[PDB]
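Engineer: Build the 3D model from these lines:
(chains A, B and C)
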Amino acid sequence: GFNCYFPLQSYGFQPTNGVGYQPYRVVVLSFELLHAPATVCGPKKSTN
Amino acid sequence: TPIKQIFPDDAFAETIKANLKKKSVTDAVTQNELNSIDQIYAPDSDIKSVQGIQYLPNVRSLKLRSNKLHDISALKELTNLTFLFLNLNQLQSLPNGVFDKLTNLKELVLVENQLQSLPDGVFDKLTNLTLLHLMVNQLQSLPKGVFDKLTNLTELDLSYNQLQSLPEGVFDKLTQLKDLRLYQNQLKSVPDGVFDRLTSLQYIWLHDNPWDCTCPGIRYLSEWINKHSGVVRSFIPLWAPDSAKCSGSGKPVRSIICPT
Amino acid sequence: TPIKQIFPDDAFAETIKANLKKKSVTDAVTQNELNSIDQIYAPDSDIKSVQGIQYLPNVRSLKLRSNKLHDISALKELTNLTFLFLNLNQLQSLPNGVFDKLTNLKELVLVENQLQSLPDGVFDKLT
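Structural biologist: Numbers count the residues shown, from 1 in each chain, chains lettered A, B, ... in the order given. And now the structure:
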């Protein structure tokens, strides 16, 4: 009641909650440009 | 507006010696250096000298820890800023006459500020002011008509303050707000029928308190409970239907039907 | 061996090593052979630091397209000049004592001379 709340906090995920709060799986594909090239970057295609 | 004898200390000289590693303090920053590069990279700085900061437009972070400084008027001659960032608990006032001449700033941030008073009838022309961090605001007194036309704000917090009155004609255009927190209120007198016009809001916080529950005070609260029973969940883990009841006598709300 | 924190000038050193078009990089360096140039011809040359120039006496005339350089240090002990070209509009005073040896000057240009008063014996020795 008076002067008693929770010191922690939650997420509050709800189906009717704002659609701009669902956890989007944005994968940060960090292409670390290290000095280690590879020869096989494409299949060179196979045609027919 | 160049002036002389503005720098009593030489902390910025130490910073220059540490970063640029130049030969001497008396060496002035050359025109070529300023006109060549535009960005400076030095994160998590602790610069002590607040002077000389007006002539450099690359301001990003100012940690204001200065024991000998006793002047806050050094921010009067700023007329080209676009971003603001500060950190102070005891700051109470800033020089006026700035909002009228500058119309380009977009983003601001404030925490634990003590701005005791704002000018009346000034934000009306400044319609571009969208965001304002109202958290732990200490606006002990507000002038009439603060958030009437400004419906673009996303966070409104009035916790731990003494708002005894509401602005004139605020409920007329309040059809676009997202949230508004009326909890932690210490008012002394309010008009009748002013809280009853708040029907377009999404979340109310007026329950769970040993306050007065005399009819028709709870009639608006009862109607809001009936009209939004399934939407208002509680952050604290607890049963929802029994969370919001009328205080005082402790009788169930469903049995009480207000006469007259 | 390369040494850091020596040259303050990047553009000036770059243009010195580039305009001459040397044979290669594997040559040695010195000071007498490098300082054979006495009249610097570099457009918009804004070299300010001239302190400790006592080790480089061979220069006589310095050209400066630097309106910002208002330092009096450029004329404290530079008395070997024969030409003057300074775009210092707010020149309200002239340093004294520099006439003690100035006898090799031929032609000078003093425009915008706002001196409403003149000193005594200023031209007395200029026979």
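
Engineer: now residue B:39, nearest residue through space, not along the chain?
Structural biologist: residue B:58 (6.8 Å; C-beta to C-beta, 6 or more residues apart in numbering or on different chains). Backbone N, C-alpha and C define where each C-beta goes, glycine included.

Engineer: Burial check on the one you found, number of neighbours?
Structural biologist: 11 (other C-beta atoms under 10 Å in any protein chain shown).

Engineer: how about it, what does it touch?
Structural biologist: B:38, B:39, B:40 (C-beta atoms under 8 Å, 6 or more residues apart in numbering or on different chains).

Engineer: just residue B:159 next, same as before
Structural biologist: Applying C-beta under 8 Å, 6+ apart, the residues near residue B:159 are B:136, B:181, B:183, B:184.

Engineer: can you count the residues close to residue 26?
Structural biologist: Using chain A here. Residue A:26, neighbours per other C-beta under 10 Å, totals 6.

Engineer: ah, I was thinking of chain B
Structural biologist: Based on other C-beta under 10 Å, the number of other residues close to residue B:26 is 10.

Engineer: ok, it to residue B:18 distance?
Structural biologist: 17 Å (C-beta to C-beta, to the nearest Å).

Engineer: Please apply the same query to residue B:189.
Structural biologist: Residue B:189 is 60 Å from residue B:18, by C-beta to C-beta.

Engineer: again, but for residue A:17
Structural biologist: For residue A:17, the distance to residue B:18 - C-beta to C-beta - is 49 Å.

Engineer: Just want to know which of these two has more residues nearby.
Structural biologist: residue A:17 (13 against 9).

Engineer: what about that one, which helix or strand?
Structural biologist: Residue A:17 belongs to no helix or strand when elements are defined using DSSP states H and E.

Engineer: and the residue of chain A found nearest chain C, how many neighbours?
Structural biologist: Proximity of chain A to chain C (C-beta to the nearest C-beta) peaks at residue A:35, 23.9 Å away. Neighbour count for residue A:35, taken as other C-beta under 10 Å: 4.

Engineer: how about it, secondary structure?
Structural biologist: Here residue A:35 is recorded as coil under DSSP: H, G, I helix; E, B strand; the rest coil.

Engineer: what does chain A have sitting close to chain B?
Structural biologist: Within chain A, the positions adjacent to chain B are A:1, A:2, A:5, A:6, A:9, A:10, A:12, A:14, A:16 by C-beta under 8 Å from any C-beta of the partner chain.

Engineer: Include secondary structure when you put these into TSV, please.
Structural biologist: Compiled in TSV, the residues of chain A next to chain B are given as follows (three-state DSSP):
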residue	secondary structure
A:1	coil
A:2	coil
A:5	coil
A:6	coil
A:9	coil
A:10	coil
A:12	coil
A:14	coil
A:16	coil
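
Engineer: Check the offset of the biggest helix by length in chain B from the chain's centre.
Structural biologist: For chain B, the helix with the greatest residue count under DSSP state H is helix B:217-227. Put simply, helix B:217-227 sits 30 Å off its chain's centre (C-alpha atoms, centre = their mean, to the nearest Å).

Engineer: List buried residues within the residues of chain A next to chain B.
Structural biologist: Buried members of the residues of chain A next to chain B, scored by 16 or more other C-beta atoms under 10 Å in any protein chain shown: none.

Engineer: Which members of these are the farthest-apart pair?
Structural biologist: A:2 and A:16 (30.8 Å; C-beta to C-beta).

Engineer: which residues sit against stretch B:206-216?
Structural biologist: Outside stretch B:206-216, the residues touching it (C-beta under 8 Å, 6+ apart) are A:1-2, B:182-183, B:185, B:221, B:243-249, B:258-259.

Engineer: ok, now with 6 Å
Structural biologist: B:182, B:244, B:246, B:247, B:248, B:258 (C-beta atoms under 6 Å, 6 or more residues apart in numbering or on different chains).

Engineer: Buried ones in it, by neighbour count?
Structural biologist: B:206, B:207, B:208, B:213.

Engineer: Just the ones of those residues in strands?
Structural biologist: Using DSSP state E, no member of the buried residues of stretch B:206-216 falls within strands.

Engineer: from the residues you listed, which single one is nearest chain C?
Structural biologist: Closest to chain C, out of all of the buried residues of stretch B:206-216 and judged by C-beta to the nearest C-beta, is residue B:206, at 65.1 Å.

Engineer: Share the number of residues neighbouring residue B:259, please.
Structural biologist: Applying other C-beta under 10 Å, we find 5 residues neighbouring residue B:259.

Engineer: Residue B:235 touches residue A:8, doesn't it?
Structural biologist: No - assessed by C-beta atoms under 6 Å, residue B:235 is found out of contact with residue A:8, at 9.6 Å.

Engineer: Looking at the two, which one has more neighbours?
Structural biologist: Comparing residue B:235 with residue A:8 by other C-beta under 10 Å, the one with more neighbours is residue B:235, at 12 against 7.

Engineer: residues contacting the more buried one?
Structural biologist: Counted by C-beta under 6 Å, 6+ apart, residue B:235 has contacts residue A:10.

Engineer: how about the residue of chain A closest to chain C, phi and psi?
Structural biologist: Phi and psi for residue A:35, reported as degrees, to the nearest 10, are phi -80, psi 70.

Engineer: got the contact list for it?
Structural biologist: Contacts of residue A:35 (C-beta under 6 Å, 6+ apart): none.

Engineer: ok, so what distance separates residue B:3 from residue B:207?
Structural biologist: From residue B:3 to residue B:207 the distance is 58 Å (C-beta to C-beta).

Engineer: should've said residue B:51
Structural biologist: Distance from residue B:51 to residue B:207, by C-beta to C-beta: 52 Å.

Engineer: Same question for residue B:163.
Structural biologist: 19 Å.

Engineer: which residue packs closest to residue B:132, ignoring adjacent ones?
Structural biologist: With C-beta to C-beta, 6+ apart, the residue lying closest to residue B:132 is residue B:153, at 6.0 Å.

Engineer: Could you look up the SS state of that neighbour?
Structural biologist: Relying on three-state DSSP, one would call residue B:153 coil.
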